[PDB]
Amino acid sequence: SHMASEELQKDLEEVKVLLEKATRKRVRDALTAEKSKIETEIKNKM
Amino acid sequence: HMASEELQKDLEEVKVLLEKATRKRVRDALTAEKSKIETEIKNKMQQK
């Protein structure tokens, strides 16, 4: 369900897959901002 | 600060990533970034 740990892990994995492909700074910055948000949501679960 | 040619390369890549992405929040974030880039390109083409 919404905001379940497994859903956040799937979000994070996709952002990492796309960061491996991305080369443009502007696009990488947008992806890294999302990555940071998802990682915080995961860490918040402790 | 922005350059038309560089924004067009960013647009090309955002498009490529959007071919691939499967997760709703990631697709939404990339679509929003694409839209912002397109607005900036329009303004730079006007200013050329």
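Within every chain, numbering begins at 1; the chains are lettered A, B, ... in the order of the sequence lines, protein sequences first and strands thereafter.
Here A:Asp11 contributes atom CG and A:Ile42 contributes atom CD1; the two are 8.0 Å apart, rounded to the nearest 0.5 Å. For the atom pair CD (B:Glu38) and CG (B:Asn43), the distance works out to 12.5 Å, reported to the nearest 0.5 Å. Put simply, NZ on B:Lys20 and NZ on A:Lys21 are 4.5 Å apart, with the number rounded to the nearest 0.5 Å.
Neither side chain, A:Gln9 nor A:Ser5, offers a donor N or O lying under 3.5 Å from an acceptor on the other.
A:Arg28 contributes a side-chain N or O that, together with a main-chain N or O of A:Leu19, makes up a donor-acceptor pair within less than 3.5 Å. Judged purely by atom type and a 3.5 angstrom limit, B:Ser35 has no side-chain atom pairing as donor or acceptor with the backbone of B:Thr31.
In the hydrophobic clustering of ILVMFWY residues, with side-chain heavy atoms under 4.5 Å counting as a link, B:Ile37 and B:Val16 come out apart.
Remark: B:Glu19 does not engage B:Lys15 in a salt bridge, criterion side-chain N to carboxylate O under 4.0 Å. Taking 4.0 Å as the cut-off between side-chain N and carboxylate O, B:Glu40 and B:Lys44 do not count as a salt-bridged pair.
The side chain to side chain contact (heavy atoms under 4.5 Å, CB included) test with A:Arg26 is passed by exactly one of B:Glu13, B:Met2, B:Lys36, B:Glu6: B:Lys36.
Counting non-hydrogen atoms of other residues, nucleotides and ligands closer than 6.0 Å to CD of B:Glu5 gives a total of 12 or fewer. Residue B:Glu12 places its CD atom among 12 or fewer non-hydrogen atoms of other residues, nucleotides or ligands, all under 6.0 Å distant.
Within the 4.5 Å cutoff, the side chain of B:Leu30 has no heavy atoms near those of the A:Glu34 side chain. Side-chain contact check for A:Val27 versus A:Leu18: every heavy-atom pair is 4.5 Å or farther apart.
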